[PDB]
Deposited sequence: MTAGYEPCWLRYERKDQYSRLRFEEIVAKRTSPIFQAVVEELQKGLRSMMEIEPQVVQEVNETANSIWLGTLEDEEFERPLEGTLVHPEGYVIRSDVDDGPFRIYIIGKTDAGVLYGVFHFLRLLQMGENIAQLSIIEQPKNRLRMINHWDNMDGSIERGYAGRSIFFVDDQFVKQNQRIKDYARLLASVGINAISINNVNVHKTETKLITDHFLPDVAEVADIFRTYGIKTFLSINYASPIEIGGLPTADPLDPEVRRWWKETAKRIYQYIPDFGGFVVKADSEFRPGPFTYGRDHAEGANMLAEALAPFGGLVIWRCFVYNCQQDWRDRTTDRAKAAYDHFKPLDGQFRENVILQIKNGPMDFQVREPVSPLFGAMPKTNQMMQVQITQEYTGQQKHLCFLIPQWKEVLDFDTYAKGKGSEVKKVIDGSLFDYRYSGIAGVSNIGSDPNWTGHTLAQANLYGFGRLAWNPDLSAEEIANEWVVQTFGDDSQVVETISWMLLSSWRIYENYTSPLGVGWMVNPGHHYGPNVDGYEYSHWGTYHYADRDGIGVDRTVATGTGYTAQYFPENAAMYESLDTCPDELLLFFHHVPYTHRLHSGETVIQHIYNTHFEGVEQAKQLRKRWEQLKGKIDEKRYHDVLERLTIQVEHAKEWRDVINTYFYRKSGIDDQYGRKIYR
């Protein structure tokens, strides 16, 4: 009532698109099964207006939907016999000529849950289910959502309202949490960290008896939907709440303290997922404070969780550097610090690495760490909340970008060593690995601030489940389930989603150099915003050219962190892709791109044209008036207008800055304010 159902609308079908089912055969009664059955009942009731009775044994003459695991089957057919993944499932229509029967067979209860959501997805999409033969197994073992929620209700980099978990340094008194779990589970998400990785005072206590009871009831809900719960922890907890004099991972007492803490947590949460950790910080002691490396820091926590089966999600966070020193390169830090530690991390430690080596910029090359540590589990994080991609004011469907990252061939083991094979664990046989996304939700009625940003959460789940899914089909699924099957609506909103990222990049930072945003809140144009800061985020634009020389020949030597094939491509000025040119080379404004445009003219072109493309997004949306409910139609239109106006600011600020510096006018004579 207070919020949208997002893509789980289960809109009532017309009289010609219904199914005839009299019973739902639930072979089990576990908490997950109860949630699964409830979801099926809700979907069939809302969509088909039918209320099949729930039974535990098939009625030979009734049209039924059978739910169970291989173990509950009478005749285990070949197809389901090939299932090896615990979360895998099979859906097949009985080939008999009698009653209509749909079999949703999962390897485990979780598999049945995902199978039912898949079945419900087919119904929402209006697919013919008369002769189904489906087998699905997730590619990534860990498909996680990371929350940056604080207990005071705020969300770090949250642009969709306040936390739905906390308020006034306490837990909110849980219906929305259940619906959130339903949404996550519908797209296969099986893990979640509920609190900000930057753990503050109150949040540090989430691992104590004071809050564990509340954390436990939240975990109880997520469990019913196959979701394991994680907590971000304060490495200095032994000091702050443990009464100990040090936080040193090698200190005997500190080690004991964490083991007892883990034991305590599992008493409340038997299947606790583990800890998400950002180990050094600038205001509290961390591993480096005592001269310990990342392996020593991570392994201590891993040892505390090991007896319970917990995992340590270790943030590969390596702050000030001098803008004066062009030999130092922030982009090289992650690889330089962790690559040497390969093989020294415990088996239940997973290094969390961002898609790029900097910080979720509109475009960044792939983190060199992927493919470089065959002996260390790795998990890629992407950012669903649009910190540097429009903050849900500007539309930006991130799926296309994530696919470019996932399909990037690292050539770690020769051709066919794509990032997705690295993180799904197949390339190096990782015990634990996967993908994570920083949540883009909040208390706003539409969950994500921008109605269309719901596609990024949905899309993240889809890719996490199977990176091979196309951006086109993912967008199609989301649009149809969320706005219906009207041909124009589908084609239009899909086009909007698929073109959005490129459009936003067009009027923001050029050719992969990134940044150029206002400091602090990171929203809006400010070319020199961090140009002279100690954050190592520089473009080095001067009156003659721009770009970071990251070549081995004359620059920072960052290209060498990639395997030979990619190293050479980026190293050479003539082979380096235009879209990443300024991230790898410092070139004159007159340098001609593969597109034929000079670097400076390219800047003007994409910025002027990006705004016109944004105007098109709005125009195409306006043409759908009458085919979308008034509330959502206006919610989105308001945002698109905000986008258009801001795009004009991005366009002009950037064009003027570069005109003022280069002195080179726009080839086409468009308006550049002096």
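Residues of the deposited sequence lacking C-alpha coordinates, counted from 1, fall in the stretches 1-2, 176, 322-323.
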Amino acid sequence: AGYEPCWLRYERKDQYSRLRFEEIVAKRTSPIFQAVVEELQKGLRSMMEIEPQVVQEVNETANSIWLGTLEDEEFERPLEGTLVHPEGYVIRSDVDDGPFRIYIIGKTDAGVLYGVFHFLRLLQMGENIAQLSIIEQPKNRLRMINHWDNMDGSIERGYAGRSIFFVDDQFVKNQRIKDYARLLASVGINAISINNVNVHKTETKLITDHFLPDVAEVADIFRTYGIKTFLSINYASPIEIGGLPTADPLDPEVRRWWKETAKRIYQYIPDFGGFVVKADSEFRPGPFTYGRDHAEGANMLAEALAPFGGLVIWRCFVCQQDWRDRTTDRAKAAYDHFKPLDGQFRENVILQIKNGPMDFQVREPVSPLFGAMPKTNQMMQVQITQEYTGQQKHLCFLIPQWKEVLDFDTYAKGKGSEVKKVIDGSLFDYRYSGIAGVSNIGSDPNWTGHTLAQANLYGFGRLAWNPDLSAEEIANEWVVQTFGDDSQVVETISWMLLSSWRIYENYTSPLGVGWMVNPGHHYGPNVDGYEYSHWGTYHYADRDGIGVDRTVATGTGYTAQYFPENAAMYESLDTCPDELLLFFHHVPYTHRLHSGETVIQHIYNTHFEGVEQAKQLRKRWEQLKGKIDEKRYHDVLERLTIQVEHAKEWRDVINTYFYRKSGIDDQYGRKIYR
From here on, numbers count along this sequence of modelled residues.
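For the segment pair 303-311 and 365-373, the entry gives 303-311 the higher mean B-factor, averaged over Cα atoms. Mean CA temperature factor is higher for 616-624 when stretches 616-624 and 601-609 are set side by side in the entry.
If you compare the C-alpha temperature factors of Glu74, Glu579, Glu156, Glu473 in the entry, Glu74 comes out highest. In the deposited coordinates, the residue among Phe288, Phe584, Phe275, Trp447 with the greatest CA B-factor is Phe288.
When the modelled residues of the chain are ordered by C-alpha B-factor, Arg18 sits in the highest third. Sort the modelled residues of the chain by CA B factor and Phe283 lands in the highest third.
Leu457: CA B factor lies in the lowest third for its chain, per the PDB record.
Ranked by C-alpha B-factor against the other modelled residues of its chain, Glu531 falls in the lowest third. Per-chain ranking of the deposited C-alpha B factor places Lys648 in the lowest third.
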